[PDB]
> 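To start, I am sharing the structure in question, which I have written as structure tokens.
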4 protein chains.
Amino acid sequence: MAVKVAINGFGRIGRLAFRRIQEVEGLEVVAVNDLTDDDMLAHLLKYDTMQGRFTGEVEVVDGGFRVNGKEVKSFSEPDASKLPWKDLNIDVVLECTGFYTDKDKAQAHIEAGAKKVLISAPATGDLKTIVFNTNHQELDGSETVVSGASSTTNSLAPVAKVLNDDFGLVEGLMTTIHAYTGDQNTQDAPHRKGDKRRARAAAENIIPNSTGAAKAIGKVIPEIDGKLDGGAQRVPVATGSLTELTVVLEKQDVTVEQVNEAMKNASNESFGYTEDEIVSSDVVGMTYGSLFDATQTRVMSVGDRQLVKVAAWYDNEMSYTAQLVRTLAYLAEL
Amino acid sequence: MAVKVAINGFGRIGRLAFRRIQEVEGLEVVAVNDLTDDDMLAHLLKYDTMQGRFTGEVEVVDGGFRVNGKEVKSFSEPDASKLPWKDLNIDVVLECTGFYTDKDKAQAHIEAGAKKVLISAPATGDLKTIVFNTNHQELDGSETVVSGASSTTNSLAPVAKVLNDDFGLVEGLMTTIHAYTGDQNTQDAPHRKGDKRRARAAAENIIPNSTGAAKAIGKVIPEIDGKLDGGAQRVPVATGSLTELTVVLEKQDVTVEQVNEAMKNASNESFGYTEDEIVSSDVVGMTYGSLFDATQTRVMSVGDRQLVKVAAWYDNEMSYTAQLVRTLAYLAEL
Amino acid sequence: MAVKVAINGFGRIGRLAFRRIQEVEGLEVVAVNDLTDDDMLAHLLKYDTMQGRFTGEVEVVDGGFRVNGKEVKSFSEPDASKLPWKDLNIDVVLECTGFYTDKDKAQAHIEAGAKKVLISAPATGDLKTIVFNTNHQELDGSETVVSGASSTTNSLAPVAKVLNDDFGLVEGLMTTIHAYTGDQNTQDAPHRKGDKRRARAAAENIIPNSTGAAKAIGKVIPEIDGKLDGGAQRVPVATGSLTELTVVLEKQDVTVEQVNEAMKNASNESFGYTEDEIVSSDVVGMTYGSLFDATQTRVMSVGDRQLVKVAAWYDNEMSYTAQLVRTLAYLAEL
Amino acid sequence: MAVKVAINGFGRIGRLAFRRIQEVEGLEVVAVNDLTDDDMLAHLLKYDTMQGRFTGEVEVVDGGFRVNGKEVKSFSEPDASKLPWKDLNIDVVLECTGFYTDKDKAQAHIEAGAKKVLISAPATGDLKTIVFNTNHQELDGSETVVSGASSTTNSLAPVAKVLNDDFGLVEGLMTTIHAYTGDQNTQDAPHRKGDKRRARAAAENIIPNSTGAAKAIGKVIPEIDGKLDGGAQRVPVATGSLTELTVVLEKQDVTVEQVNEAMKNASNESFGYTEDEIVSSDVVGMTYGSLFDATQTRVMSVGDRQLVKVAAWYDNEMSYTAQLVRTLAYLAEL
Ligand SMILES: NC(=O)c1ccc[n+]([C@@H]2O[C@H](COP(=O)([O-])OP(=O)(O)OC[C@H]3O[C@@H](n4cnc5c(N)ncnc54)[C@H](O)[C@@H]3O)[C@@H](O)[C@H]2O)c1
Ligand SMILES: NC(=O)c1ccc[n+]([C@@H]2O[C@H](COP(=O)([O-])OP(=O)(O)OC[C@H]3O[C@@H](n4cnc5c(N)ncnc54)[C@H](O)[C@@H]3O)[C@@H](O)[C@H]2O)c1
Ligand SMILES: NC(=O)c1ccc[n+]([C@@H]2O[C@H](COP(=O)([O-])OP(=O)(O)OC[C@H]3O[C@@H](n4cnc5c(N)ncnc54)[C@H](O)[C@@H]3O)[C@@H](O)[C@H]2O)c1
Ligand SMILES: NC(=O)c1ccc[n+]([C@@H]2O[C@H](COP(=O)([O-])OP(=O)(O)OC[C@H]3O[C@@H](n4cnc5c(N)ncnc54)[C@H](O)[C@@H]3O)[C@@H](O)[C@H]2O)c1
């Protein structure tokens, strides 16, 4: 009765996508693939430092593990092209390893027998990059490989859309104060990709770092292509992040109240709105893709010239996951 | 002939001031006042979590404690007007309690017999706010109460001065990714000043917060008064901070290379320059008031319209202290 | 009907006790007293760094705040003897301020009009110290002031009981690897109680510290009075803790299997048992007073002489709170 | 004249060994091997999060990098047997990768041309395990592969030796509250060795874990073989650690003062002694292999039966390094 999903890469995004799917009828994870044994997989599903204990029940069985009575098959195959996808009748592969972030590379799941692939990151190649409730409408059903964009792109897109539609975006710059992730080192050490900053002890530093979110926003919102750029500061929280966006607008005597109200009007399941003076732990586990913070809006006016700054929270884990899973469900139903 | 200094408030800034002063001939700390016993004071001078073990030798004696043979008298008097300053012949009080951040209030150290008061923070009232090597030249020696501004003002002033002198500052917005400080709570709890953000567990959160640095920059650099504003995100590192500044300039085809070179030309003892991909812990204990990071410069250009972003590191503790003590020496020598 | 509860001190234990009480029929919080405004109180109930967002709905109203339709009155009176307890018909005051940890002092709630006082810490004076499901049976209903003991006493008591009942306890030593609490400083600073270790940056240090739990265990379990002692290492996690107990027994050829089985047999609502390789974050928010961890049991045998070590987890916040509220319910129903 | 050292694995122990060797005449590092480029290597030697900026000057050159005028050749060869050791005339390889912790495996450096190998961890096979100033005297000069033991063994040995020599060791149990290391994950994720605890976010958890230090102590002190065991709690500090040891002694009316005095009498360059109430950050960068903390001694006495507990600090990085390099110097000079 259900769309058959396989999760490639049972990592933070992979396991949290598994949890979200439990809460979404019509979708079923029938297989999981990673580089480890069932014991570890089952254990990291039950127990989660920031996101809390898994609510149901998990036991290691023969082909894999059993979750709330349902069997999930598991695999330990680093080369996606060799996975038993045709055999298991996979509708969509959720690509969450970080190693298949390209159309041509992801094509391996298709050869292996899956109908479609949704990648949990920005991907190179000829494919659509989708932020749910910003541009998922651009999917027609004939896509075989699709990108879910990044946590940061999902935090930013709905914000940038409102700024542009309601005020006219001229240009802007972005900083995300971002929680540290699995690709930072625990202690100062060689970094696999040669990045001298990601090399550094993650939980002991403010670490400047690059991100394509603002540069590659034009893939989600074409009419503002090339008008945004920026970076990240990785800081010592384990999850939870904040996007600051500083912009020049066409409209002229813009106020705090006008920007805030425009944001509230656009609010939905993916784009939240708050006036509470919250902090990063308050968003851990939240399912908005972006939580716009009216307490942080600022307008600098000197004569007729204005800079407008806004800020939106996101749980780079669960917020991205909730968006990814919504896009999965929409993609599957075409 | 040594300048006699009393330190009011043997806290982070006060103890580090003491340490710096050991390295500057012509200055001598003769007394220290706080709310605690000698044992605690000596102990917190010897041992320092972020700044390391005190290099010299410290032992508790009768009137206070003895540092490398020299006696320091200590007091436990919360009412500054009751301190034996006239008796000890104090030239300058370094006011570091956080409770006398006002000209009229700080006047109490004068009544008590000190010649001058230097306040380790922004201060209200009719006084000069001094960032060394930006506007210390404004001191004429007739001042009795002076502000050394904030760690953030010191990180920003030299950057804003260059931007304005070389390019013409129209407007800008600031964000400091800032280490947590002693006025944040360890755990979520009522906050003394009623700030619902500073109330939250300091080491577990990205905490938005206000700062007057950018707004009160016009006190250090009058020709850009009212052209900057911004705030802070307090994050979980124990010291070390970064100021990001996003600006609109009058000059028109501005490049990364031009902005970077202009900063390098202004470098000195207070304003450092780096091209290394450093992170926050790399600036702990440094003595530049501001370390400009060329790796972080960005120029957004859409048609003829540009935004320019730059960033400068500072150890909110030691950088500010090194500036404070430079201003102290200069103020005393007039 | 409902037992009327007032909470004195709406801090970590106070707010979590409020939360627990929402889930326990027959109990109702009708008043709350602290040193802050309603805005702050409401806000700290909604938002909680380690414990998560309050599930219901909270709004500031006239006399205090409204939680899920029910009105809670709030007060800002530091002197308990002046609280309107007689007026509000208070059955039990939950004493959670940390400032009335003595029978004579807590007597102030009684004069003010409350029938009974339950203190959320160890307390001096002529009173019973109660760990639920170890010695709550010692309450007869004529008590007016009772102590709920400490988070550590609650972690230890059920473990010590089994060891003594099943094996004969000769002597032991204890260490709790304990999350940092609100009475530790954010940065190195004078400590109010003069403790040179609690003075130190909480989230940056392993900090040895005292605790009476093991020494004052004989108040909960008289038959082993004087046979235990030990201390704490406060470490940088915001909540969640682990007690290690090393003991000499009378019984002779003791095994890991015998100790673990004996603990399983004693398990209930208050004393959990696990064989999973969990870590501290997994116990955040848990409601057992003590979670025995079988994976950590060790027996050292040299000839006929044995040391036995065991370890039990506890969320120093929620685990203590669940125990406190169980004891409150039992105390009230007599 | 100078002993020629190659460092295999330019990691935390490898780079700090490099730093220590700068301070020790008669040793020279002439080559370094790792899995990364020179740019990374030089960069991680200049900047160190916990240990501070490298004091000298480092530049990337042709064959590797230049440190204070001296050339160090660098290699990127994961298979030790293929390194140019015979060609560079290597006297001792410092084995610091974590992958050659066995006599037979390490034998690859010897084939490659090195005369001797010192391994920076416990190692399996027929070799001596050496804690400097406890059993380095056991080296005769004919050894080709030697283990420098672990940081924990180095913290424990000199303590255990005094306890046994002066009191008679019957049995004991150990816990090290230990800083997190580079083999812990930044976020909950599959762990390469299948350890479900080491899999967990390092900087957010108290993580129980095994260590052979106490079990394999009999390799360093054979007369107490089989008398000690225990484990670790990994906690969120980035370096700095504490060993707690609980013991039963033959000597009967043992006091705190007797134990502390006995420790003081054994103090030297490897075994320090303190009566100050220090915390973990106070030992970062220290060069004692073990710092005995008299403030933490405890004696539980019930009738004639006593438990004795003691505690010694160590910087698991710099302490182990200082010991390792002392053993390297001694080994080389035979
Ligand atoms: N905040 C975030 O962590 C976040 C947010 C949005 C998107 N993403 C993206 O999601 C992807 C996954 O990220 P993550 O943070 O969960 O990382 P993660 O490291 O936690 O998970 C990666 C997992 O993939 C497994 N894996 C690696 N190579 C594999 C192979 N080739 N075959 C099968 N399994 C393999 C690893 O064992 C690991 O479990 C990345 O592209 C990342 O940018 C991450
Ligand atoms: N990064 C920083 O901490 C930083 C940087 C620049 C400026 N400042 C400013 O310097 C001031 C102090 O900062 P801090 O972080 O050192 O605070 P802190 O709490 O560490 O130090 C304050 C000290 O003053 C003592 N004290 C309080 N009232 C007193 C009184 N009435 N008489 C004598 N002693 C008293 C306290 O016991 C404590 O030792 C504040 O104004 C702060 O804004 C702080
Ligand atoms: N892990 C824990 O936090 C924990 C565990 C077990 C027991 N306890 C005990 O619970 C008590 C409180 O602990 P906490 O950690 O929640 O501390 P906390 O500071 O978080 O809470 C104390 C609250 O009491 C308020 N308060 C202080 N004095 C008051 C007064 N005179 N009248 C009314 N309100 C006052 C404070 O403003 C604060 O809101 C302490 O006795 C503590 O030892 C704490
Ligand atoms: N507290 C401590 O960190 C500490 C204390 C005592 C002993 N040790 C031991 O020292 C060893 C290294 O520990 P670390 O903490 O420095 O870890 P680390 O990961 O920082 O260092 C390991 C280094 O070796 C490199 N490497 C791995 N395989 C290699 C190969 N085959 N060829 C060349 N380079 C290779 C890695 O790139 C890395 O640079 C471990 O065995 C550890 O047990 C560590």
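Lettering follows sequence order; numbering is per chain, from 1.
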> Report yes or no: do B:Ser290 and B:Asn154 form a side-chain donor-acceptor pair below 3.5 Å?
no
> Hey, are B:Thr176 and B:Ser241 close enough side-chain-wise for a donor-acceptor pair under 3.5 Å?
no
> Return yes if a side-chain donor-acceptor contact under 3.5 Å exists between B:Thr295 and A:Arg197, otherwise no.
yes
> So do A:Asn205 and D:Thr49 actually touch side chain to side chain, heavy atoms under 4.5 Å?
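Yes - at least one pair of side-chain heavy atoms lies under 4.5 Å apart.
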> Say whether A:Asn8 and A:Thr97, considering side chains only, have a donor N or O and an acceptor N or O under 3.5 Å apart.
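On atom types as modelled, these side chains do not qualify, holding no pair under 3.5 Å.
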> So, A:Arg298 and A:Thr246: side-chain donor and acceptor under 3.5 Å apart, yes or no?
no
> If we ignore angles and hydrogens, is there a donor and acceptor under 3.5 Å between the side chains of A:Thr274 and A:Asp293?
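Checked: A:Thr274/A:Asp293 side chains show no N/O donor-acceptor pair below 3.5 Å.
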> Side chains of A:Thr152 and A:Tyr314 only: does a donor on one sit below 3.5 Å from an acceptor on the other?
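A:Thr152 vs A:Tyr314: donor-acceptor pair found between side chains.
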> State whether a side-chain donor-acceptor pair under 3.5 Å links B:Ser151 with B:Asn316.
no
> So how far is it from B:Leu291 CG to B:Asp315 CG, rounded to the nearest 0.5 Å?
11.5 Å
> Any side-chain heavy atom of B:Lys161 sitting closer than 4.5 Å to one from B:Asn164?
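With C-beta onward as the side chain, the pair stays apart.
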> Verify whether one side chain among A:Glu317 and A:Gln51 offers a donor that lies under 3.5 Å from an acceptor in the other.
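Judged by distance alone, the side chains do pair up.
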> State whether a side-chain donor-acceptor pair under 3.5 Å links A:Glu244 with A:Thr175.
no
> Check the side chains of B:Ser301 and B:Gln306 for a donor-acceptor pair under 3.5 angstrom, ignoring hydrogens and angles.
yes
> With a 4.5 Å heavy-atom cut-off, do A:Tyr288 and A:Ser270 have their side chains touching?
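In short, these two side chains do not touch, never coming nearer than 4.5 Å.
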> Can you tell me how far CG of A:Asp282 sits from CD1 of B:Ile206, rounded to the nearest 0.5 angstrom?
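Going from the CD1 atom of B:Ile206 to the CG atom of A:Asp282 covers 11.5 Å.
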> Dump the intermediate steps for salt bridge (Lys or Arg N to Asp or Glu O under 4.0 Å) on A:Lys128 and A:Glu143, then the final yes or no.
CA-CA 8 Å; A:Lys128 298 166 176 176; A:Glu143 306 85 4; 2.7 Å; yes
> A:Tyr330 versus A:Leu139: any side-chain heavy-atom pair under 4.5 Å?
yes
> Evaluate the ring planes of D:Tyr47 and D:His43, with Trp represented by its six-membered ring, and classify them as parallel (under 30°), tilted (30 to 60°) or perpendicular (over 60°).
tilted
> Testing the 3.5 Å rule here: is there a donor-acceptor pair between the side chains of A:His109 and A:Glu95?
yes
> For A:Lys105, give me all partners under side chain to side chain contact (heavy atoms under 4.5 Å, CB included), at least two apart in sequence or on another chain.
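With sequence neighbours excluded, A:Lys105 shows a side chain to side chain contact (heavy atoms under 4.5 Å, CB included) to A:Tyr100, A:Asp102, given in chain and number order.
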> Salt-bridged, A:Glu275 to A:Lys264, with N to O below 4.0 Å?
no
> About how many Å separate CZ of B:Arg198 and CG of B:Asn209, when rounded to the nearest 0.5 Å?
5.5 Å
> Enter the distance from A:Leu163:CG to A:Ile224:CD1 here, rounded to the nearest 0.5 Å.
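Taking CG in A:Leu163 and CD1 in A:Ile224, the distance rounds to 8.5 Å.
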> Answer yes or no: is there a side-chain heavy-atom contact under 4.5 Å between A:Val248 and B:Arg305?
yes
> Using every non-hydrogen atom in the two residues, find where A:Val170 and B:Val302 come nearest and quote the distance to one decimal.
O-CG2, 3.7 Å
> I'd like to know if the side chain of B:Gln252 pairs up with that of B:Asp304 as donor and acceptor (distance under 3.5 Å, no hydrogens or angles considered).
no
> Between A:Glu138 and A:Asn135, do the side chains contain an N or O donor and an N or O acceptor separated by less than 3.5 Å?
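Short answer, yes.
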> In terms of side-chain heavy atoms, does A:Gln184 have a donor or acceptor partner in A:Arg200 at a distance below 3.5 Å?
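No.
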> Under the side chain to side chain contact (heavy atoms under 4.5 Å, CB included) rule, collect the residues that match up with B:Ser210, sequence neighbours excluded.
none
